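**Student:** To kick things off, part of the complex as it is:
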Amino acid sequence: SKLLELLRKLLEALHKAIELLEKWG
Amino acid sequence: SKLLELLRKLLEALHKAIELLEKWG
Amino acid sequence: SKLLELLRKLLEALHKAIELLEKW
């Protein structure tokens, strides 16, 4: 459960980073 | 990217299902 | 009963998604 939760949060962080990159660049 | 996005959405679905199972029952 | 089955199907779907990563 902890690894899956880690993965979920990390994928969500990646998604936000990509969204930022798209906006500011 | 498409497969990672699928995985994120699936993990988010799983998390909601677990929250529901904690609430009801 | 329906919620437990839903959880099982979701976990089965996740298992398939992980098998795809191993290939590609």
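**Tutor:** Arrived safely. Numbering: from 1, shown residues only, chains lettered A, B, ... in the order given.

**Student:** and residue A:14, how many neighbours?
**Tutor:** Per other CB atoms under 10 Å in any protein chain shown, the neighbour tally for residue A:14 reads 14. Where you see a C-beta, it was placed from the backbone N, CA and C, and this is true even at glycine.

**Student:** whoops, residue A:11 was the one
**Tutor:** 17.

**Student:** ok, it - contacts?
**Tutor:** Residues in contact with residue A:11, defined by CB atoms under 8 Å, 6 or more residues apart in numbering or on different chains, are B:4, B:7-8, B:11.

**Student:** can you tell me how far it sits from chain C?
**Tutor:** From residue A:11 across to chain C, the span is 12 Å (CB to the nearest CB, to the nearest Å).

**Student:** what residues does chain A put near chain B?
**Tutor:** Selection of chain A residues close to chain B by CB under 8 Å from any CB of the partner chain yields A:4-5, A:7-8, A:11-12, A:14-15.

**Student:** okay, now chain D:
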Amino acid sequence: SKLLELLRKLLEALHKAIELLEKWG
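**Tutor:** Once chain D is put in with the chains from before, the structure reads:
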């Protein structure tokens, strides 16, 4: 520049997390 650095590190973490998931899941 730093945002691309952030992205690169998050992707490297993701690679490691997926490897852990594959070995034990």
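
**Student:** Revisit the contacts of residue A:11 given that chain D is now included?
**Tutor:** Residues near residue A:11 by CB under 8 Å, 6+ apart: B:4, B:7-8, B:11, D:14.

**Student:** and with 10 Å instead?
**Tutor:** For residue A:11, the contacting residues are B:4-5, B:7-9, B:11-12, D:10, D:14, D:17, by CB atoms under 10 Å, 6 or more residues apart in numbering or on different chains.

**Student:** likewise residue A:25?
**Tutor:** Going by CB under 10 Å, 6+ apart, residue A:25 touches D:1, D:3-4.

**Student:** Please tabulate the residues you listed in JSON lines, including the columns neighbour count and secondary structure.
**Tutor:** What follows is the contacts of residue A:25, written out as JSON lines (neighbours: other CB atoms under 10 Å in any protein chain shown; DSSP: H, G, I helix; E, B strand; the rest coil):
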{"residue": "D:1", "neighbour count": "6", "secondary structure": "coil"}
{"residue": "D:3", "neighbour count": "14", "secondary structure": "helix"}
{"residue": "D:4", "neighbour count": "11", "secondary structure": "helix"}
